[PDB]
Amino acid sequence: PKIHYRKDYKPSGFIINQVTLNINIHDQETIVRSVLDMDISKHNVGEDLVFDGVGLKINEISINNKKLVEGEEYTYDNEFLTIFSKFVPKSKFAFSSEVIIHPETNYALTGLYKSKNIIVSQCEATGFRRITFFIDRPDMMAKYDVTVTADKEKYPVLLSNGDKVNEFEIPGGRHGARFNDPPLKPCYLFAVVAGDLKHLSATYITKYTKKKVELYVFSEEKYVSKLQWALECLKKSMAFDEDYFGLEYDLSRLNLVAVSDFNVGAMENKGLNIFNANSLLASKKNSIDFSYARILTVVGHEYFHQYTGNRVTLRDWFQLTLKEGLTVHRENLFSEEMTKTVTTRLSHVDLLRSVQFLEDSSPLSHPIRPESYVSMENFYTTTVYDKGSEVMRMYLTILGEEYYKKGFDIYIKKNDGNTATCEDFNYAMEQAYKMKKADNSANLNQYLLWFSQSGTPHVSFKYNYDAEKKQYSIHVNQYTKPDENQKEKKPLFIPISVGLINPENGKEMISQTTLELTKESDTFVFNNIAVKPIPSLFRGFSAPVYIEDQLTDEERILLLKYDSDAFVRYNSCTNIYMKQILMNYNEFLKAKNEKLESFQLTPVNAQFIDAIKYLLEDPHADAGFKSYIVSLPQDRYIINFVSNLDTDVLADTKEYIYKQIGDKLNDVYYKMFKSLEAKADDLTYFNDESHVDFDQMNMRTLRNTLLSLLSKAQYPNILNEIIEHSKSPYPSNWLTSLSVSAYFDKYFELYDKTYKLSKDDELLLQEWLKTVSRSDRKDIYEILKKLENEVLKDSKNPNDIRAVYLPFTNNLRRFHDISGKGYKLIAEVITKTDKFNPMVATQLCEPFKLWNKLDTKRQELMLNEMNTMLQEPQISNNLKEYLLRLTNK
Ligand SMILES: CC(C)(C)C(=O)N[C@@H](C(=O)NO)c1ccc(-c2cc(F)c(F)c(F)c2)cc1
Ligand SMILES: [Mg+2]
Ligand SMILES: [Zn+2]
């Protein structure tokens, strides 16, 4: 198994200047003819000409129109085509080939494949070589001239990159289209689509040069009514890159296409963005609320790639975070501007500190720019993407908006049309840094450690206040735990956005201030501080770190009530919860270990419960923020703080804490649940797909969160509310009615009701599956078996498989059943899936990522299932590599 090392990058000895493709689609085969106009580079040392080509059936290959003979002049081993140097020309030459591929049986959804009745490609990262021979790496930039032919009745819509320059009829009911794309691109941005597509379209006029851009959004005919929000999001995206970054679109046309079968969310193929249907299609009748932010972010994300990925592209795959981290950052700026709700930023922090922190403390831990890889399909991680985004966002925190924009524009102007590396970006940011600090001596060399060093830093604090001197000190320390990537961790450049709150009146005591911590520790002193403050630390979550604020719960409560920063308020609440959770966990653990007949639990802080009531009852407070404060921290966030975590003991801890708070606040919950109804469920704009109200959706989030808390608690007659809720027109509401009914004898009645509502929309049925999957049911194993037999069957649709199984894996009490049966079940599904889609099989491994964090029995149970998977004769390269790394082999 070949391991690629970042330090080993060398340019190719060859050049590919022009690609000319003919893709002839038939029912039982697709014939691909390719002419590559090639040259010898300055790096050439007379080596063999080696192409990537995977699973290709050779009809013929030729050099300069002379047929090549297998054995004597070339060998093919189903992975590499080797042409021995003596037969390779020494100047400009043409290589051509004709191969047969089979998209119809291509269930791995990489290269060219059939999704329902759409033919579609996915070439990132190294899928182009599954379509035809190539030197399949992003620094091999070429021009593309692509002709697609197909049966006209089945595939009336033909798309590829660039301009459609010809359309023509073909004998036998076929029909062709030629696309010429003169600008250079890497092959992973190639795409082709064929199908009976229906569309919505609009014309966009760019801000500055007033270019007319045609916008098309496509789906299968059945779901053409679900395309409108995507189109609006695209317009929004274009406007944002114009307004914030001063960047306009450069092509005449942009196509977005939804397909039912897709490994991930979407792909940024130049002029032809291809989407998982669940990340493009929605309507208010047939989608839950979450779809609207999802489509906004994914449409935005692929649009922002047009600059950060497509126009400035990657030298090599080790630079992945340079396009992914930066594009997620651009997408997050966009989404925060469009939603105007503080929960948007909170939700990204929530995701980072739960999923990515777990990854960063697991045996899979890697820096955002790794030093090596075996499987590229395993490289697309929350670390590379979301920690990557936070590292890109820190530049903005450090520079401030004006100098950030200057630096970003330096980066684009300098590297537009070329490949780039993480260093090129840091260099651009550094120029701005020099300007901001006003001396050419300032530099960001230390900042590069954010790209190379793995692990989450820990930042802790001590405070001192001299009342007579009016002098306040914040002493700060940073620490990263050694891991397999660095024995010795170095101090990072950590920007700490801070405020100082006067606890007597809640006012700000200093102006906007960002502490630049560049050492292992430092002491920051503030003069003319009139009274002892409460520090508001890492406002906006200003660095991706473990914050150890060393504040009392009294101080945290004061911040939660009166601080100006949504993240610090939410974090203060989070920290109060975590202290409570750790304390009760240990009390429950000791009672278990010592087999106590009786014991005491520390109650939840009453002043904390009082503050929650206060915020909940404040008519001016944010609905989304409210739903965060009544929710305990995610299980995967909690596990970062506990060794040998016993999941049962944690389930008992959560239970006690929720019951403590509900025993005091349920009447408040109920009252709010009722009074929120009118605005939350307002139907005024239900038939206007262009009208999306994120505040109103947050109000429904709060109601559905409250209803969940009231149902678990068996609040008097809450079942009445549940039943009425099931009649709501909003799927967020009537699907919530299914999951909260788990605690009642009406569960299977709502099961059937909601199934009948969901079954005729592919995506809605997937949301139904998720709802069932995450239901808090004692008979959840029997229910999963029912889904398998009645609904899922032998679907190879990744959306179906992920919907049935992943939410169940977050069932703390049941997935982690001490028999190991949940581990057994998921491993069976992974092995089954790995036979046809190794990438999705590896995604289904996610629950095992925390295996060495659990109590020793469950470690052993998980490890056994992983070793059983590893011993499957037919295990994919993807899955083997992943489990080998995960189990420290
Ligand atoms: C949901 C997110 C936004 C994280 C997503 O869909 N990411 C894709 C992306 O960044 N789009 O711009 C994405 C796209 C392709 C791949 C990808 C990588 C491979 F190696 C494959 F084989 C493949 F099929 C897809 C992974 C993630
Ligand atoms: Mg289907
Ligand atoms: Zn991306």
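Computed over heavy atoms, backbone and side chain alike; hydrogens, waters and symmetry mates excluded. For reference, positions follow the sequence shown, starting with 1. Remember, it's 1-based here, ligands and their atoms both numbered in the order they're listed.
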Participant: If you take the centroid of each ring, where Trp contributes its six-membered ring, are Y637 and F357 closer together than 6.0 Å?
Facilitator: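 Ring-ring flag for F357/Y637: false, centres at least 6.0 Å apart.
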Participant: Can a salt bridge be assigned to the pair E268 and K323 using a cut-off of 4.0 Å between side-chain N and carboxylate O?
Facilitator: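 Yes, charged N to carboxylate O under 4.0 Å.
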Participant: Any idea which N/O/S atom from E324 gets closest to the Zn ion (ligand 3)?
Facilitator: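 Result for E324 and the Zn ion (ligand 3): OE1.
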Participant: When you look at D241 and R330, which way does the salt bridge (charged side-chain N to carboxylate O under 4.0 Å, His left out) test go after all the steps?
Facilitator: CA-CA 9 Å; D241 231 358; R330 279 150 58 59; 2.8 Å; yes
Participant: May I ask you to check if any N/O/S atom from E268 comes under 2.8 Å of the Zn ion (ligand 3)?
Facilitator: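 No, since none of the N, O or S atoms of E268 sits under 2.8 Å from the Zn ion (ligand 3).
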Participant: So does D136 pair up with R130, basic N to acidic O under 4.0 Å?
Facilitator: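 No, this pair does not count.
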Participant: Exactly which residues line ligand 1, taking a heavy atom under 4.0 Å from it as the test?
Facilitator: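 Its neighbours under 4.0 Å (heavy atoms only) are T110, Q122, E124, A125, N263, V264, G265, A266, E268, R294, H301, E302, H305, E324, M376, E377, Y380, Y385, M839, given by chain and number.
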Participant: Donor-acceptor pair, distance only, cut-off 3.5 Å: does the side chain of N255 make one with the backbone of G271?
Facilitator: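 Such a contact is found between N255 side chain and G271 backbone.
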Participant: Take the Zn ion (ligand 3) as the vertex and measure to NE2 of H301 and NE2 of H305; round to 10°.
Facilitator: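 Value returned, to the nearest 10°, is 100°.
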Participant: Has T30 got a side-chain atom pairing as donor or acceptor with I25's backbone, closer than 3.5 angstrom?
Facilitator: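 No, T30 side chain to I25 backbone: no donor-acceptor pair under 3.5 Å.
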Participant: Salt-bridged, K114 to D261, with N to O below 4.0 Å?
Facilitator: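 The answer is no: the pair does not qualify as a salt bridge.
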